[PDB]
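Undergrad: Pasting a structure below so you can have a look.
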Amino acid sequence: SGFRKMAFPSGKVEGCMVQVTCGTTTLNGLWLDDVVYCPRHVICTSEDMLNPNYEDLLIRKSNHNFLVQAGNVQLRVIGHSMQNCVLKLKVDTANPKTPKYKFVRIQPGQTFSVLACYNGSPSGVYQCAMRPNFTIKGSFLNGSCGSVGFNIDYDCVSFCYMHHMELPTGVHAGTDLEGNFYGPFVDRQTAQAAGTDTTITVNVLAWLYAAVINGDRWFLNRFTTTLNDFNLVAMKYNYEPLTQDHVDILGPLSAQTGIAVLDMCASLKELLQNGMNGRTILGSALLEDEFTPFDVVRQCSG
Amino acid sequence: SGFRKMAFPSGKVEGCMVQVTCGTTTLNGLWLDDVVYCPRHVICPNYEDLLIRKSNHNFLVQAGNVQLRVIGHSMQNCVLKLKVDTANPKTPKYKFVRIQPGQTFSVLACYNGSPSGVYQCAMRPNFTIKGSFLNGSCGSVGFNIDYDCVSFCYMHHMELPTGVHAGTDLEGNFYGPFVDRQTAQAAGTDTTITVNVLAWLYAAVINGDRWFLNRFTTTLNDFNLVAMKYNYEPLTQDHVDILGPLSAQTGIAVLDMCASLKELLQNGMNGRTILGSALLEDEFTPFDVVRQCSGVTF
Ligand SMILES: COCCN1Cc2ccc(Cl)cc2[C@H](C(=O)Nc2cncc3ccccc23)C1
Ligand SMILES: [Cl-]
């Protein structure tokens, strides 16, 4: 029993964190084999931030301008290339602690663990989700740039996020490990804003199935709904549209508990209408949307 | 910006998890130097009578794919200490510490000697933990990281009928009035960790949430009369002293923040949230708030 927001063990990722220094700027890098991946804005200075020409800034750099630190040992940079908004620093030593890894691009609603780092040193780990507005509600201070998000399904580390910036609302923007940003964001200090955020419907439904598996059935009702009538109601509460793919993905949880997806949808409809009325679901007074159907299956069963 | 339930990096602890098998039972062990620590119920009760019948070769210890050979065994309260032939090369700088209720820690939940997840939790005033554990999770450990030193504070033993968890410190002494036996046991009535809620209200202020603040103050005695009415733990002068740095950083006296908490308890949140929560959060200590709102590394 018990349902906690659970992060992956960070050990495999800690053994890859390095500190990257270019001039006055210091941030984190990911050392995998003989390459250190870090945000390309490490080469940017004071005025070179509203409209930086990264190709023009990088051509002025030599390998010895980049100081890379792995614990107390300094790594020697022997090459550099840019791939979108990531800088790839070729180093003269391959990381012996390199785990079995993959670079994956995630879709909104997917979850991942974050190893928050400062000066190449890991300070904490937490679980979070790619919001539908492509931002993450993380916990990051100055110097956390270059921190990474990951999942460790089986013995392999899937890197899915690298942190680049904080938006004026306090939420965070970053890229996949190939340097492509999530969302309409740019690694420029221009006026940017996160779009209106919505609730991840498929995730809330998965968390309601987790509550049923853990013995909580107070919110269930004798009603069902059509998928169309559910979406019309859900849109009014700023909930993401629920698709037929989401219904198919909730299939295993539906068969395990004996509650049809559209039956669970009717219960969510009623929760949105009534609120909780002094009650909680899995120790929460709000509807939790940062657990996917896969996360529920993983923690509630294996 | 941002305030998350943050666990310590588990790397140093992952390198210590092993699988312990005795007869039909399989659980986790903590391999530090040449000793593997695990719950004594792996041999299951008269534990002295059960242990005298076991030989070293009855305990199968697995470290990844490598098998460790047991060369001795002894009991220390409710922990079994299996002497092994090989010292763990991944042994970190460590200490065994006993924590007090209200103190927080990271839990590296494991199954079959393999770490599967890490989460943050607190020792409840009723000495239970609201964890997330399944069958096979026994022997999973709780820890804090202090500079480069890992302080092990918890070893999981059992789940109570309410779904909450009971375990011991690494010296085998249980937290709470629990016993390691299949019998009728219940967690006592739980209370809210007042000093922790106040620390989390200071974290909300640092993150720009000030709606709950007011012009009022209270006496420590008048606050404790109200707090006792709402199943909150008594707030002591030590708690007030510990909240000092957060009070000076935000400019809100502890008894001023206590007057805000009094109004939240009597009047509720009124459709509003604090740090994305509609309930008052009590599993962040004043030190957890300071460490996260300053970014200290390990
Ligand atoms: C206060 O001045 C911040 C200026 N930042 C402007 C900016 C613009 C584009 C890009 Cl890609 C990076 C940045 C930098 C940035 O977002 N850094 C930070 C990251 N993550 C949390 C941060 C919390 C606080 C501070 C800074 C954070 C620096
Ligand atoms: Cl995905």
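Throughout, chain B uses Swiss-Prot numbering, with the displayed residues spanning 3264-3307, 3315-3568 in order.
Looks like X-ray crystallography, 1.9 Å, at least that's what the header says.
Cβ coordinates are placed from backbone N, Cα and C, and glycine is handled just like the others.
Below are the features listed in Swiss-Prot for this protein:
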CROSSLNK  B:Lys3268  ubiquitin cross-link
ACT_SITE  B:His3304  active site, for 3CL-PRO activity
CROSSLNK  B:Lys3353  ubiquitin cross-link
ACT_SITE  B:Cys3408  active site, nucleophile
Undergrad: Let me check the 10 A CB neighbour count of B:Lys3268 (ubiquitin cross-link). How many other CB atoms are there?
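TA: A count of 20.
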Undergrad: Counting only residues 6+ away in sequence within the same chain, which have a CB under 8 Å from the CB of the residue listed as 'active site, nucleophile'?
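TA: For the residue listed as 'active site, nucleophile', the qualifying residues are B:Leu3290, B:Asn3291, B:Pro3302, B:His3304, B:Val3305, B:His3426, B:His3427, B:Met3428.
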Undergrad: For the recorded positions B:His3304, B:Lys3353, which Cβ has the most other Cβ atoms within 10 Å, all shown protein chains included?
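TA: Of B:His3304, B:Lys3353, the one with the most crowded Cβ is B:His3304.
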Undergrad: Looking only at DSSP and grouping its letters into three states, which state does the residue listed as 'active site, for 3CL-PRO activity' belong to?
TA: helix
Undergrad: Take the C-alpha atoms of B:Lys3268 (ubiquitin cross-link) and B:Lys3353 (ubiquitin cross-link) and report the distance between them in angstrom, rounded.
TA: 36
Undergrad: When each of the recorded positions B:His3304, B:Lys3353, B:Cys3408 is checked against chain A, which show a C-beta distance below 8 angstroms?
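TA: Listed in sequence order, the recorded positions near chain A come to none.
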Undergrad: According to DSSP, does B:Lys3353 (ubiquitin cross-link) sit in a helix, a strand, or coil?
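TA: SS state of B:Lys3353 (ubiquitin cross-link) = strand.
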Undergrad: Unmodelled stretch of 7 residues from B:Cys3307 to B:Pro3315; how many angstrom between the C-alpha atoms?
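TA: Unmodelled segment endpoints: Cα atoms separated by 7 Å.
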